[PDB]
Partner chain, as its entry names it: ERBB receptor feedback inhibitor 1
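The form solved without the partner chain is given below as one chain in structure tokens.
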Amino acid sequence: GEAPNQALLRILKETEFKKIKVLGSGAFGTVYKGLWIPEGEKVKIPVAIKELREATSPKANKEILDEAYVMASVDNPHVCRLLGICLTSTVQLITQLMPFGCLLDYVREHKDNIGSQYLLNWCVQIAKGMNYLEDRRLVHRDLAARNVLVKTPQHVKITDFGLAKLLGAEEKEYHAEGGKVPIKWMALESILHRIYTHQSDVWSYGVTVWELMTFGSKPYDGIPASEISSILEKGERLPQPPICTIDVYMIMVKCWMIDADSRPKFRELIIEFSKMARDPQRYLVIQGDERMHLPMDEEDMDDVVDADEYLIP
């Protein structure tokens, strides 16, 4: 069968954490910011510390440690990695501090200062992260703008491995059981049949790109989740965002095709968005795109792609 997972689960003493201040609480438990000073070494590492709503539940530590397992096994610049766990009564997961927060809130707060270059770069980076997960045979099952974090405005990473599952070594799908799920980011075949593939993640990527291009709009705003599968069966989809050229919207629509193998692959999404990122104003139309601030080969140029963006399976 599958190859041995030789990742290191690092256990971190509680005396190594300092300046602990709360970032947010409620639905996802409680998230703190802090500093991590490892024992012998003269370094201070900004970190975020996650932990469920106080509690001591045996059902809860099972899910937390499933997340830790996945998050400890990933090493990519566009995926968040687990630094370690701390073994308090409910288990604490420790990761890198992402000072700018989640990408959904970032695009909402900075609507009027986000240029086309940033939007298309984020799309590339998210596609790189997702392609990496695909190479590790992992199906995320919860890709959305709320689950992308911002290290800097130039550098985002995918997070939230709570729902992630391994698509088998010889197998090509996953069949799920009960729980709560985000209907509005899900492929049709996931809603009806609980089938989950790399290609169901591509659907979710489409919806994530739509959220970014609409500067944080709620998909299918007003429509209740029980209606969504009927809407999608009729052939309705999310509308073309104001800023989007047909080129960009056509990529989104391809992610929402009924036949899953007709959707783009993450590797192709990397290529397409990377091309668009070299001439951003040709693909997104944003008022005041020159005045945007945040903290002969010319015949060839159309289809030029750097080798770093041309990825082999």
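Numbering follows the first chain given and starts at 1. Here the rigid core means the biggest group of C-alpha atoms that line up within 1.5 Å when the two forms are laid on top of each other.
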Tell me whether residue 297 is absent from the model in at least one third of the other entries compared, counting only those where the residues either side are present.
yes
Relative to the other PDB entries of this protein in the set, is residue 41 coordinate-less in at least a third?
no
Between residue 295 and residue 296 - deposited residues without coordinates, as a size class
10 or more
Tell me which of 60-68 and 278-286 has the higher mean C-alpha B-factor in the deposited entry.
60-68
Comparing 227-235 with 143-151, which stretch shows the greater average C-alpha B-factor in the deposited entry?
227-235
Between 204, 240, 197, 88, which one tops the list for C-alpha B-factor in the PDB entry?
88
Can you tell me which of 222, 84, 99, 129 has the maximum CA B-factor listed in the PDB entry?
222
For residue 120, does the deposited CA B-factor place it in the lowest, middle or highest third of the chain?
lowest
Relative to the other modelled residues in the chain, which third contains the C-alpha temperature factor of residue 34: lowest, middle or highest?
middle
Should residue 271 be placed in the lowest, middle or highest third of its chain by the C-alpha B factor in the entry?
lowest
Sorting the chain's modelled residues by C-alpha B-factor and splitting them into thirds places residue 247 in the lowest
Tertile call for residue 137 (CA temperature factor, within chain, third-based) is the middle
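Omitted from view is the form solved in complex with the partner chain, to which the following refers.
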Can residue 234 be called a contact residue for the partner chain in the bound PDB entry at 4.5 Å between heavy atoms?
yes
Examine residue 194 and determine whether its closest non-hydrogen atom to the partner chain in the bound PDB entry is within 4.5 angstroms.
yes
Using 4.5 Å between non-hydrogen atoms, is residue 205 touching the partner chain in the bound PDB entry?
no
Is it the case that residue 212, even though its partner is missing from this view, gets within 4.5 Å of the partner chain in the bound PDB entry, heavy atoms only?
no
If the criterion is a non-hydrogen atom within 4.5 angstroms, does every one of 138, 145 and 200 touch the partner chain in the bound PDB entry?
no
Select from 260, 52, 285, 253 the only position whose Cα moves 2 Å or more between this form and the one not shown when the core is aligned.
52
Per-residue C-alpha change between this form and the one not shown, residue 86, threshold 2 Å, rigid core fit:
yes
For residue 32, state whether the C-alpha moves by 2 Å or more between this form and the one not shown after rigid core superposition.
yes
Please say whether, between this form and the one not shown, the C-alpha of residue 71 moves by 2 Å or more once the core is aligned.
yes
What changes in the bound PDB entry is the Cα distance between residue 180 and residue 70, by 3 Å or more; the two atoms are farther
Would you mind telling me if residue 67 and residue 137 are closer or farther apart in the bound PDB entry than in the shown form, C-alpha to C-alpha, with a 3 Å or larger change?
closer
